[PDB]
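Worksheet: one structure, shown below.
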Amino acid sequence: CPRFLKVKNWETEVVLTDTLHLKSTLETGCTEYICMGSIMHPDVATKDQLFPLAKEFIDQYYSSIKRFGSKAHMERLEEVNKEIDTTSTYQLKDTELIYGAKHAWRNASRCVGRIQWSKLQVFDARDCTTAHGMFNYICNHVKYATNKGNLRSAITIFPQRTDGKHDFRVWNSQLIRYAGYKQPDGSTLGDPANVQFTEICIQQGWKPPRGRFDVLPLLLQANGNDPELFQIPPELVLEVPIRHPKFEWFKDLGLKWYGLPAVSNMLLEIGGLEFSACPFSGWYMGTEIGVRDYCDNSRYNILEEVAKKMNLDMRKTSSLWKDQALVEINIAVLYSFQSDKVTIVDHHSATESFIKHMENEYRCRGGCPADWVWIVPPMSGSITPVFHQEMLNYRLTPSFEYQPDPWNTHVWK
Amino acid sequence: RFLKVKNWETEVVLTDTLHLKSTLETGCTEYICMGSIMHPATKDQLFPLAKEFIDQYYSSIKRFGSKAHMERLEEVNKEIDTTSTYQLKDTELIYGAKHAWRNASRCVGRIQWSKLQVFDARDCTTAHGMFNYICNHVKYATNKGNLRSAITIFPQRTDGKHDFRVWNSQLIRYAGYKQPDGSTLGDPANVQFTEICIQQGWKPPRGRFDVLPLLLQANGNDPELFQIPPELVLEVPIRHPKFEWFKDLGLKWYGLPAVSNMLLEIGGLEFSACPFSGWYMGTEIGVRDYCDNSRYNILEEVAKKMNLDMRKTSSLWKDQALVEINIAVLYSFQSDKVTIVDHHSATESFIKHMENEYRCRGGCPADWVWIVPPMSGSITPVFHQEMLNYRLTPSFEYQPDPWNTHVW
Ligand code: HEM
Ligand code: HEM
Ligand SMILES: CNCc1cc(OCc2ccc3ccc(N)nc3c2)ccc1Cl
Ligand SMILES: CNCc1cc(OCc2ccc3ccc(N)nc3c2)ccc1Cl
Ligand SMILES: CNCc1cc(OCc2ccc3ccc(N)nc3c2)ccc1Cl
Ligand SMILES: C[C@H](O)[C@H](O)[C@H]1CNc2nc(N)[nH]c(=O)c2N1
Ligand SMILES: C[C@H](O)[C@H](O)[C@H]1CNc2nc(N)[nH]c(=O)c2N1
Ligand SMILES: [Zn+2]
């Protein structure tokens, strides 16, 4: 690996120099002969595996607080070592936990929202023992993060993995999502993405309202036990009815969405420690709802209905009727959130902020790992500045990682 | 190993074995992906490259290991020994040119790969000869609007001091002019090339869409200027099917996209002048050419005529204007019966092409970053298609601009 790797912006001619890649920890999946940049996804640490992972993290932490090589640094190293030696694991200090969580976000190459990384409220839920306790922590998280529409980024962190048979897990993929129901005739009601999870909830005892926008219950697993169902207090779930500034008929589509995007199925890795339940939330970029949630064929798939209402010629693709409807839908989403004073960011503002963030990171940190395939928005790509920005992708730790869905691995008791 | 790629929308999974054949580098390493970086002989080097290519040729016509196959290898070997290079057969030239297109990871139009008219120009010696070959190419490929894919191949590189080069980046392009007030008239992408033409004696009309002259270099000599006969240059006035004011913008574009600055590599041989052409995907013009900030940059003017609220970004005024411009481009070419493909139709065809290639070839190298259209990405099927990118030869490669190398 070369000491200096350069990236260029082809629109501004700005050249940046990356050295941070030398701190790359894990493999990307690519090789000299193949690139897997468009691949979506390309038993515990032993004592001997855990020692150097912990030291690497503690070193990084003490370097960050300008106490590298200090007596406190060396004493922390020794304490962590003795703890691994005598218990096969260790506990993070609160300061370290907070630092680790912020940096997993700072390191998330797929996240366009990272200019905000240092403003993250960290809830330490490592004292939690039961699903009811998990429910309590999650409600408080939702309430704090929602903040009556003035959304605040936050993460709640449950106890780390021990032997792998006592995992805490949130079975939901996000804390707030809508049910999907497969009909006998093959049609789907609600969100098709969530059919499998919905079916699991029903089997566990959930009585479904069988509507188009039914907020799913929480399915929560503590200490490796069977998961338990809970209903999120509806007053904690902020939603926005979707309407359009010009088209009065748009509201008649009956669309709405929830305000808080809160991903709950990822694993947080800090210093070799694994936090299998670490739900975190920010605020939406409009295209996540307007393009993906609403217009993906495998989701709500509303393009045709909207186009019809718009009286477009839908006979030839070259009329660009889909593209035309897509913009109006995204206009409606942004307008509806802003009107209800619920935090949201459009794709232009978000990508422009990210470019500034990336340049700042290159200058203060020596780089900023970024996944172009994910950073570039799903509409109007080249009229956003990120399209023209060369990026380097690599994996730094602390990190957020994918993990298998818990129903595929759980040992039912 | 066998690698799998999945389409997350259709759930179709394909298995790639073809990547096992690649020997050129991608630019990535195990620790760093460079997927979004734009640009990441001797007798001893030459023969194994030649052999590799002759082998796949003879395999392709199902005569691998035949007497003819063996004879060709010996013929090539002797030829490299006695001349330090070799010459391809016409059949090989055609096979190699089609496969370079077939292997072009970044090209969404590859479903057409085997329909390519190959013009052998290896007997060319002067810039006048190059001009002639290029006029014939343009006339054939244009075909009164019924565009036909073609490539014209000029003599291969020898010592590197006698390169044939087309200095233009495309055969047909519009000039760009720096203005006293610091602004730019015409295409800003071509300001530097335009200046060179002017210095070499071209008399500029100084308009917004002046077709550039050809600047052609033969056998390493200084390049010479030629004017493409205007009757050979097919153009399309851009209008909109609903907005009658759109024509008043005075926009036009040329029908024939003919990239002339790449290098074609076949069997270790290097063809530094190999202009090739197909037909346009609408977004190439309507999104990139017209709406890139560093290009014609017309979003603002259009959004004005649409009387959009351009005060906040979240009104999506840029996105709205962008769609209308691309509607206009497609409508204009179609009305004038000039071949063009929209990004929906094109990406659909590419998905079908991929299926074909996995079935008959064991894979298809594809660069998602380039294949996904610059607008409406996720409502096209390629956005949801996992791709594997790897480099196969014969190939088209980038090369430096000749004005950064040429001694006059
Ligand atoms: C504050 C406002 C934020 C915005 C606007 C934002 C924006 C985004 C967007 C648009 C994506 C792509 C989503 C998709 O297509 O599925 C994404 C991905 C991601 N975000 Fe952020 N985000 C924000 C906050 C956060 C926070 C607080 C965290 C963690 C503490 C985070 C971590 C991640 C990670 C790990 C991914 C990649 C997930 C994956 O690979 O599936 N983001 N972000
Ligand atoms: C026949 C209709 C064709 C269509 C619709 C088409 C479409 C496209 C498009 C839209 C691009 C992206 C260009 C950009 O964004 O700058 C591209 C790239 C490319 N095409 Fe095709 N193409 C066609 C024919 C051809 C032919 C005939 C060749 C060569 C014989 C070819 C070779 C390439 C190569 C090498 C690239 C990548 C250029 C680079 O890496 O900079 N294409 N194609
Ligand atoms: C379901 N699509 C894949 C996937 C995406 C995931 O995250 C998307 C994601 C993650 C964090 C976000 C934070 C803020 C925001 N506005 N969107 C965000 C979107 C997480 C797990 C999986 Cl498996
Ligand atoms: C420049 N030629 C010298 C040279 C010849 C080489 O092989 C020549 C040659 C000739 C005939 C062949 C027939 C079949 C075969 N498999 N290899 C064959 C190889 C290999 C390397 C070099 Cl460097
Ligand atoms: C200028 N953008 C990068 C670049 C693109 C190039 O070619 C784009 C290209 C190549 C072949 C094409 C064939 C058909 C078509 N419609 N577009 C096509 C577009 C060549 C050199 C460079 Cl440096
Ligand atoms: C930085 C990035 O690689 C660069 O802007 C690429 C992105 N994708 C592209 N895709 C196509 N088809 N053409 C391009 O010129 C580019 N530019
Ligand atoms: C196949 C491809 O990797 C997949 O569709 C990716 C493309 N880019 C994406 N980008 C974002 N932000 N989110 C996504 O889900 C995807 N999906
Ligand atoms: Zn890669």
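Every chain in the structure tokens has a letter given in the order shown (A, B, ...), and although residue numbers restart at 1 in each chain, ligands are simply numbered from 1 in the order shown.
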
Query raised in the report: Taking only C-alpha atoms into account, what are the residues of chain B at most 6 Å from chain A, put as a VMD selection string?
Result: chain B and resid 25 to 26 28 to 37 314 342 374 to 378 386 to 390

Report task. Taking the DSSP assignment computed from this structure's backbone, write out as number ranges by chain all residues of range 155-295 of chain B that belong to helix (DSSP H, G or I). Result -> B: 188-199, 230-232, 244-249, 282-291

Report task. Using only C-alpha atoms, determine which residues lie at most 12 Å from residue 352 in chain B, disregarding the query and same-chain residues fewer than 4 positions distant; provide the list as a list in words. Result ->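 The residues that qualify are residues 12, 108, 109, 110, 111, 112, 345, 346, 347, 348, 356, 357, 358, 359, 364, 381, 382 and 385 of chain B.
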
Selection from above, C-alpha atoms, as a tab-separated table (two decimals), in the first residue's frame, can you write it?
```tsv
chain	number	residue	atom	x	y	z
B	12	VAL	CA	-32.23	-13.59	-9.44
B	108	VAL	CA	-24.39	-0.21	-20.76
B	109	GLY	CA	-24.88	-0.73	-24.50
B	110	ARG	CA	-23.02	-4.03	-24.85
B	111	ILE	CA	-26.07	-6.09	-25.86
B	112	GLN	CA	-25.10	-4.83	-29.35
B	345	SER	CA	-34.87	0.88	-22.11
B	346	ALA	CA	-31.05	0.81	-22.11
B	347	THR	CA	-30.65	-0.52	-18.58
B	348	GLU	CA	-33.37	-3.10	-19.24
B	356	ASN	CA	-27.08	-13.80	-21.73
B	357	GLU	CA	-23.40	-13.44	-20.84
B	358	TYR	CA	-23.64	-15.41	-17.60
B	359	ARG	CA	-25.32	-18.20	-19.56
B	364	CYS	CA	-20.02	-10.17	-17.53
B	381	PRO	CA	-33.15	-2.20	-12.90
B	382	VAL	CA	-29.34	-1.86	-12.85
B	385	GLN	CA	-28.20	-5.47	-9.70
```

Requested in this report: Using only C-alpha atoms and all ligand atoms, find each protein or nucleic acid residue lying at most 9 Å from ligand 5; present the set as a PyMOL selection string.
Outcome: chain B and resi 38-39+106-109+149+169-170+189+256-262+276-282+284+340-341+397-399

Query raised in the report: Can you tell me, as a list in words, what residues are no more than 10 Å from residue 294 in chain A when counting only C-alpha atoms, ignoring any on the same chain fewer than 6 positions away?
Result: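 The residues satisfying every condition are residues 191, 255, 257, 287, 288, 300, 301, 302, 303, 326, 329 and 330 of chain A.
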
Could you dump the residues just selected with N, CA and C atoms as an mmCIF file, in the first residue's frame?
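Written file, part.cif:
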```
data_model
loop_
_atom_site.group_PDB
_atom_site.id
_atom_site.type_symbol
_atom_site.label_atom_id
_atom_site.label_comp_id
_atom_site.auth_asym_id
_atom_site.auth_seq_id
_atom_site.Cartn_x
_atom_site.Cartn_y
_atom_site.Cartn_z
ATOM 1 N N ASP A 191 -46.254 -2.749 3.728
ATOM 2 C CA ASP A 191 -44.886 -2.701 3.219
ATOM 3 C C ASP A 191 -44.346 -4.091 2.895
ATOM 4 N N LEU A 255 -51.164 8.456 1.764
ATOM 5 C CA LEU A 255 -49.802 8.160 2.190
ATOM 6 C C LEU A 255 -49.410 8.909 3.464
ATOM 7 N N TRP A 257 -45.763 8.702 6.465
ATOM 8 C CA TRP A 257 -44.572 7.986 6.899
ATOM 9 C C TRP A 257 -44.202 8.393 8.314
ATOM 10 N N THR A 287 -35.112 11.289 -0.100
ATOM 11 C CA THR A 287 -35.117 10.201 -1.073
ATOM 12 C C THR A 287 -35.252 8.815 -0.448
ATOM 13 N N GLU A 288 -34.857 8.659 0.815
ATOM 14 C CA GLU A 288 -35.025 7.360 1.461
ATOM 15 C C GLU A 288 -36.504 6.971 1.471
ATOM 16 N N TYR A 300 -43.609 0.060 -1.649
ATOM 17 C CA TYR A 300 -44.972 0.568 -1.848
ATOM 18 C C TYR A 300 -45.341 0.751 -3.328
ATOM 19 N N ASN A 301 -44.338 1.026 -4.162
ATOM 20 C CA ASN A 301 -44.504 0.968 -5.625
ATOM 21 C C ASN A 301 -45.622 1.884 -6.155
ATOM 22 N N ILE A 302 -45.574 3.168 -5.791
ATOM 23 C CA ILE A 302 -46.689 4.081 -6.081
ATOM 24 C C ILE A 302 -46.592 4.862 -7.399
ATOM 25 N N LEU A 303 -45.509 4.654 -8.152
ATOM 26 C CA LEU A 303 -45.237 5.429 -9.372
ATOM 27 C C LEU A 303 -46.407 5.468 -10.347
ATOM 28 N N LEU A 326 -41.653 10.576 -10.013
ATOM 29 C CA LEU A 326 -40.673 10.408 -8.939
ATOM 30 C C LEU A 326 -40.291 11.732 -8.267
ATOM 31 N N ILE A 329 -43.251 13.188 -6.179
ATOM 32 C CA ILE A 329 -43.389 12.438 -4.934
ATOM 33 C C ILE A 329 -42.352 12.901 -3.921
ATOM 34 N N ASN A 330 -41.126 13.096 -4.379
ATOM 35 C CA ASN A 330 -40.075 13.562 -3.483
ATOM 36 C C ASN A 330 -40.291 15.002 -3.036
#
```

**Report entry** Given 9 Å and only C-alpha atoms and all ligand atoms, residues near ligand 3 as number ranges by chain
**Finding:** A: 40-41, 110-113, 153, 173-174, 193, 260-266, 280-286, 288, 344-345, 401-405

Query raised in the report: From the list B:403, B:368, B:124, B:139, which residue is nearest ligand 7 when using only C-alpha atoms and all ligand atoms?
Result: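 Counting only C-alpha atoms and all ligand atoms, the residue closest to ligand 7 is B:368.
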
Requested in this report: Just the residues within 12 Å of residue 48 in chain B, please, counting only C-alpha atoms, with nothing from its chain fewer than 2 positions along; format it as a PyMOL selection string.
Outcome: chain B and resi 41-46+50-55+73+76-77+80+267-269

Please, could you write that set of residues out with N, CA and C atoms as a JSON list (two decimals), in the first residue's frame?
```
[["chain", "number", "residue", "atom", "x", "y", "z"],
["B", 41, "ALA", "N", 6.27, -2.49, -25.93],
["B", 41, "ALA", "CA", 6.45, -3.81, -25.34],
["B", 41, "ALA", "C", 7.88, -4.32, -25.53],
["B", 42, "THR", "N", 8.08, -5.61, -25.30],
["B", 42, "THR", "CA", 9.28, -6.33, -25.73],
["B", 42, "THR", "C", 8.84, -7.67, -26.29],
["B", 43, "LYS", "N", 9.69, -8.31, -27.09],
["B", 43, "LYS", "CA", 9.41, -9.64, -27.62],
["B", 43, "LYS", "C", 8.99, -10.62, -26.53],
["B", 44, "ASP", "N", 9.64, -10.49, -25.37],
["B", 44, "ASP", "CA", 9.43, -11.37, -24.23],
["B", 44, "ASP", "C", 8.07, -11.14, -23.58],
["B", 45, "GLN", "N", 7.64, -9.89, -23.54],
["B", 45, "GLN", "CA", 6.32, -9.57, -23.02],
["B", 45, "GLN", "C", 5.28, -9.84, -24.10],
["B", 46, "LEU", "N", 5.68, -9.59, -25.35],
["B", 46, "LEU", "CA", 4.74, -9.61, -26.47],
["B", 46, "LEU", "C", 4.16, -11.00, -26.77],
["B", 50, "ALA", "N", 0.33, -12.28, -27.10],
["B", 50, "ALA", "CA", -0.15, -12.66, -28.42],
["B", 50, "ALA", "C", -0.77, -14.06, -28.34],
["B", 51, "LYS", "N", -0.05, -14.97, -27.70],
["B", 51, "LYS", "CA", -0.51, -16.36, -27.58],
["B", 51, "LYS", "C", -1.85, -16.45, -26.86],
["B", 52, "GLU", "N", -1.95, -15.73, -25.75],
["B", 52, "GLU", "CA", -3.19, -15.66, -24.98],
["B", 52, "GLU", "C", -4.36, -15.27, -25.89],
["B", 53, "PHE", "N", -4.14, -14.28, -26.75],
["B", 53, "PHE", "CA", -5.20, -13.81, -27.63],
["B", 53, "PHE", "C", -5.49, -14.79, -28.79],
["B", 54, "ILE", "N", -4.45, -15.35, -29.39],
["B", 54, "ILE", "CA", -4.63, -16.27, -30.50],
["B", 54, "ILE", "C", -5.37, -17.51, -30.01],
["B", 55, "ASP", "N", -5.03, -17.94, -28.80],
["B", 55, "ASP", "CA", -5.68, -19.06, -28.13],
["B", 55, "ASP", "C", -7.17, -18.83, -27.96],
["B", 73, "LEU", "N", 0.42, -19.72, -34.25],
["B", 73, "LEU", "CA", 1.31, -19.44, -33.13],
["B", 73, "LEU", "C", 2.77, -19.36, -33.57],
["B", 76, "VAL", "N", 3.29, -16.25, -35.70],
["B", 76, "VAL", "CA", 3.40, -15.07, -34.84],
["B", 76, "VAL", "C", 4.75, -15.01, -34.12],
["B", 77, "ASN", "N", 5.22, -16.17, -33.66],
["B", 77, "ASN", "CA", 6.49, -16.25, -32.94],
["B", 77, "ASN", "C", 7.67, -15.81, -33.81],
["B", 80, "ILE", "N", 7.48, -12.05, -34.47],
["B", 80, "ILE", "CA", 7.99, -11.27, -33.35],
["B", 80, "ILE", "C", 9.52, -11.33, -33.30],
["B", 267, "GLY", "N", -4.06, -8.60, -28.12],
["B", 267, "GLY", "CA", -2.93, -9.50, -28.21],
["B", 267, "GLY", "C", -1.58, -8.82, -28.00],
["B", 268, "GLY", "N", -1.55, -7.85, -27.09],
["B", 268, "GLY", "CA", -0.32, -7.14, -26.78],
["B", 268, "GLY", "C", -0.08, -5.97, -27.71],
["B", 269, "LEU", "N", -0.82, -5.91, -28.81],
["B", 269, "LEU", "CA", -0.66, -4.81, -29.77],
["B", 269, "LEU", "C", -1.50, -3.60, -29.35]]
```

Query raised in the report: Which neighbours of residue 267 in chain A fall inside 6 Å, counting only C-alpha atoms, when residues of the same chain fewer than 2 positions from it are skipped, and could you give them as number ranges by chain?
Result: A: 275-276, 400-401

Requested in this report: Run DSSP on the backbone and grab whatever in range 226-386 of chain B lands in strand (DSSP E); send it over as a PyMOL selection string.
Outcome: chain B and resi 226+235-237+252-254+258-259+263-266+269-271+276-277+280-281+340-341
